[PDB]
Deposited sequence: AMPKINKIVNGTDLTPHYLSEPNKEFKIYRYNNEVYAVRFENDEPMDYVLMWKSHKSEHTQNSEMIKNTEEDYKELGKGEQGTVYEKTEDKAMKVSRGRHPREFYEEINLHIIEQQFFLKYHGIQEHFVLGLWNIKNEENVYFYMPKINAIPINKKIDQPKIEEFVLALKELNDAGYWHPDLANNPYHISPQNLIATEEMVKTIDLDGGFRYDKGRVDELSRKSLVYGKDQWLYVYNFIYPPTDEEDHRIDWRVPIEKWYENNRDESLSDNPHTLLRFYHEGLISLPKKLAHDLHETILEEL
């Protein structure tokens, strides 16, 4: 019911996307900034981007930017890079499409996407919902991490992956996982998700394999398999040997591999995935 009301809001598209635009528009409607997509010259669907309140406080800093608190509900990242306006416009278009993917899979809440403001080409910044981190307990809050991992797997299964969360089985960036009251979210997505572009060099092919199994690396790093002696198993050894001997293939594309390794005690799996896989056999 809101689509026709949202398009009557304030059009912010020139501050984010190329103008004119046939496919996507940005509107502020009742203190909420939406992205609206079009088909056949008609508004079709929308996604929520952030809440609007239309020497900043520093929320944090990484290698490639500084994140400020624009409002109590919105964060603002200033990256160290220099690119043309069209570079950010293209990222924004892909982020909007990726936001729609997240909505259509019911996992938008687990990822903090946003848009690059480009109304000043020399003062570019990334708006996004501000989240509030709280303590992590691996046992008491295990469902939070489980639910995030399964959401990330849904992303990986579709060919998208986080650009800086778990690049390979030996690299994890836990700082990009944030626990809130209800769940775990992931940040540092101002470039959008990664995806394969059809390239066949060695690096690209390995990155695709690592990305599709990203969800597995995160889960096993936090909840590695345990043997009789309560000693953690190095899940990386069987997985690496598998990649070396099954070229250009991911474990996620082979559920029989996941179940076999899980049955042998080599890898861990979220409780619901183990249950679903085992239920697939009983039935």
### Task
Enumerate the deposited-sequence segments absent from the coordinates, judged by C-alpha atoms, in order of position.
1-2, 57-71, 301-302
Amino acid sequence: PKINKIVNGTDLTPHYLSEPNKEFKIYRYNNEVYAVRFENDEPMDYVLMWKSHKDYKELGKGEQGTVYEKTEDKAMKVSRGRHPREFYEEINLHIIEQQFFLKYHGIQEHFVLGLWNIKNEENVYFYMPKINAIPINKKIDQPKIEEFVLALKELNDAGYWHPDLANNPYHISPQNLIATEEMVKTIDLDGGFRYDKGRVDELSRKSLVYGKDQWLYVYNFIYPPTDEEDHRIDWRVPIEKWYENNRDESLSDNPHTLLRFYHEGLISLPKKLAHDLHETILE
From here on, numbers count along this sequence of modelled residues.
### Task
Using the B-factors recorded in the PDB entry, average over the C-alpha atoms of 135-143 and of 160-168, then report which stretch comes out higher.
135-143
### Message
I need to verify one thing: averaged over C-alpha atoms only, is the B-factor higher for 63-71 or for 240-248?
### Response
63-71
### Task
Just grab whichever of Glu121, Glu97, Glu181, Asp201 has the top CA B-factor as deposited.
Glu121
### Query
Which one, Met128, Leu102, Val78, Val149, has the peak C-alpha temperature factor per the PDB entry?
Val78
#### Entry: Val218, C-alpha B-factor rank within chain (lowest, middle or highest third)
lowest
### Summary
On the chain's distribution of Cα B-factors, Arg37 falls within the third called lowest
### Task
Report the third (lowest, middle or highest) to which the CA temperature factor of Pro225 belongs, ranking only the modelled residues of the same chain.
middle
### Summary
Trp50: CA temperature factor from the record, placed by chain third, in the middle
### Position of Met44 among the chain's modelled residues by C-alpha B-factor, lowest, middle or highest third
highest
